[PDB]
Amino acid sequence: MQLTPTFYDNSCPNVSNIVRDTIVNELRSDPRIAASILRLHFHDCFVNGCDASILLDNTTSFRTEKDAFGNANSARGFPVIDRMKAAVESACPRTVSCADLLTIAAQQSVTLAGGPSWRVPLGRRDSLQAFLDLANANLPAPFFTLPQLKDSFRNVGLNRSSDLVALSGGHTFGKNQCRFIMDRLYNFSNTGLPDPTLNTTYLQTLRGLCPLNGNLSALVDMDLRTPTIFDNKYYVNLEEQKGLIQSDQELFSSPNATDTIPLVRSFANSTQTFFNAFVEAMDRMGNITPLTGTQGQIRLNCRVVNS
């Protein structure tokens, strides 16, 4: 029972519309929600697949993935997911899984930010548990080298460098905390110097936003060109050594980037090339070990398993 974009065309043909309206509304008060939602889907899929396991709250039986190093004080937008979930439950009771809801929400967030528009495959079901340890082991970190980034993607089933380069384009919008670049700014890999792959002019700007012994929670735009617009500007930045986190710049500057450099350039040269690759990579990531058929359930409240 493979995933299909028409899964809810009869049971809830208005699901995508409900999701979109919820995001449109939220964007007025929080213009960062779109980026935040896309990241939630990414963090869901990289841990036991896209099964909404990340949406589960703490229980006496299992710890929440929300306390993972990659999610704690970082992941956000959970209340917004509850809102669209409630709205969908009203329109179509016990029909749309949280896993599918989050996938649609990620796609709509990308489109609303100016990105490509497409119908994501559907039919995923919700996990019966959360996987904190697995999240700590599977979620990639900003300090990862290119070989480590590739290993992290391959680990969850994405072997193509195209998947890695295209999906990294998610950093074409959204925010990043000073904490994750302090090493690149003042002491990279215990060298006592800033990361040489970071543009010196941009280095000065970032140091001003993130001074030593400063607020590590302060936010910086992932894309200095178009902070809230989903476009290929992220790759243009890499070509100028303006990737924000180490994992971004590595795609273009790593000694192991022989295969990723041409992809970065290709995406920087054509928005069409990037958008096509992003959709293709997004659908592949959304196809990671999904629960289908009668496996798992259709969670009524994304924060807890049905009882």
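Each residue number is its position in the shown sequence, starting from 1.
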Between the two ranges 88 to 96 and 223 to 231, the one averaging a larger CA B factor in the entry: 88 to 96
task: Look over 109 to 117 and 128 to 136 in the entry and identify the one with the greater average Cα temperature factor.
output: 109 to 117
Selection from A268, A35, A277, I245 [criterion: highest C-alpha temperature factor in the record]: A268
Deposited CA B-factor, highest of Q272, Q249, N48, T64: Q272
field: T289 by Cα B-factor - lowest, middle or highest third of the modelled chain
entry: lowest
task: Would you mind checking where the Cα B-factor of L212 ranks among the modelled residues of its chain, as the lowest, middle or highest third?
output: highest
message: Quick check for you: using the entry's CA B-factors within this chain, is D44 in the lowest, middle or highest third?
response: lowest
task: Within this chain's modelled residues, let me know which third the CA B factor of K175 belongs to: lowest, middle or highest.
output: middle
Chain third (lowest, middle, highest) by recorded CA B-factor, residue given as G192: highest
